[PDB]
Amino acid sequence: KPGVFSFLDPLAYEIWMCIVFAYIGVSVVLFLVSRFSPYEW
Amino acid sequence: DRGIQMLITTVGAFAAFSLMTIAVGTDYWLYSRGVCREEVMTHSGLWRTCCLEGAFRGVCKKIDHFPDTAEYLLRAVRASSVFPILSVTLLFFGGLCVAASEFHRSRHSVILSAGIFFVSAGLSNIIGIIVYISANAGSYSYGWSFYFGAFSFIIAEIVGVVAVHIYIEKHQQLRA
């Protein structure tokens with residue numbers, strides 16, 4: 001019986017957790033280098 | 001919201017640092033079947049693995065790491081665990097900058113330096129988790145110690161964003 005939330009099976013639960021962590025880290029760094037510079041803003 | 005932002009940053013930095021030292025100090029990172037001397041259920045940490053059921057309740061020894069250059073580098077980093085410890089120092093350096101921020105109002109770079117320290121420390125955590133998971137694999141469950149490190153990363157990024165926001169608005173007010 002294909003269990004619900006089975007579409008996450010191809011990637012292990014470790015990858016899904018680290019993808020969320022990587023997404024948050026990239027977003028903060030991209031904001032940091034694009035907003036903190038007086039020359040850029 | 002100038003007052004609440006500084007209170008959030010000061011409170012958040014203490015929460016991120018306290019969660020980090022507890023996560024490193026405690027040994028409830030992983031629940032696995034093993035021996036703490038047959039093998040039984042054990043709770044493993046960064047330095048010690050200990051059984052939680054059986055006649056050897058609570059008694060345990062140091063974790064050995066060394067039992068292939070790429071494998072050696074991963075094992076050496078994992079054995080030293082420099083990345084989780086490096087995240088402890090960066091929170092400590094970031095906390096000091098926030099504490100010294102309310103002293104030197106003239107210098108606006110001290111609060112921005114705290115923001116960089118929190119953002120950089122979070123990058124040291126995610127790279128620390130990947131090293132820990134990869135070495136672990138090369139049934140199980142994660143205890144609250146592992147999740148403390150996960151929640152210390154999210155708090156560190158949030159405080160870093162708020163710390164950068166405080167510095168940016170100060171230069172905006174100076175430019176006005």
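Residues numbered from 1 in each chain as written, not as in the entry; some residues may be left out. Chains lettered and ligands numbered in written order. Part of a larger assembly, values for the part shown. Heavy atoms only, no water. Residues with missing side-chain atoms left out of burial classes, pairs and counts.

Looking at the method and resolution fields of the entry, one finds cryo-EM and 3.53 Å.

A. The arrangement of the overall build of chain A in detail. Across its full length, chain A holds 1 helix and 0 strands. On the principal axes, the C-alpha backbone points of chain A span a range of 60 × 15 × 10 Å. (Helix = DSSP H or I, 4+ residues; strand = E, 2+ residues; numbered from the N terminus.)

B. The arrangement of a nonpolar patch on the surface in detail. All names here are of chain A. A surface patch of nonpolar side chains, about 860 Å² in accessible area, is lined by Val4, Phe5, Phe7, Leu8, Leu11, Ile15, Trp16, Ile19 and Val20. Note that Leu11 resides in the segment before helix 1 (13–35). Judged by relative accessible area, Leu11 falls into the partly exposed class, the value being 34%. (Patch = residues over 30% accessible without salt bridge, like charges linked within 9 Å, V, L, I, M, F, W, Y side chains within 5 Å. Areas by Shrake-Rupley, 256 points an atom, 1.4 Å probe, with all protein chains shown as cover. Salt bridge = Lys/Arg side-chain N within 4 Å of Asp/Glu carboxyl O. Buried < 20%, exposed > 50% of the residue type's maximum accessible area, 1.4 Å probe, protein only.)

C. Highlighting the nonpolar core. Core analysis: the biggest nonpolar cluster contains 21 residues, and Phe21 of chain A together with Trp29, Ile129, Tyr132 and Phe146 of chain B have the highest contact counts within it. Those elements giving two or more residues to this core turn out to be helix 1 of chain A together with helix 1 (2–25), helix 3 (82–101), helix 4 (109–137) and helix 5 (144–175) of chain B. Top contributing element to this core by residue count: helix 4 of chain B, with 5 residues. Apart from residues lying up to four places away in sequence, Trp29 of chain B is in contact with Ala23, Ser44, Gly45, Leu46, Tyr132, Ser141, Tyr142, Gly143, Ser145 and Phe146 of chain B. Of all hydrophobic cores here, the second largest spans 8 residues; its members include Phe31 of chain A together with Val164, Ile166 and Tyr167 of chain B. (Core = buried A, V, L, I, M, F, W, Y, C linked by side-chain atoms within 4.5 Å. Contact = heavy atoms within 4.5 Å.)

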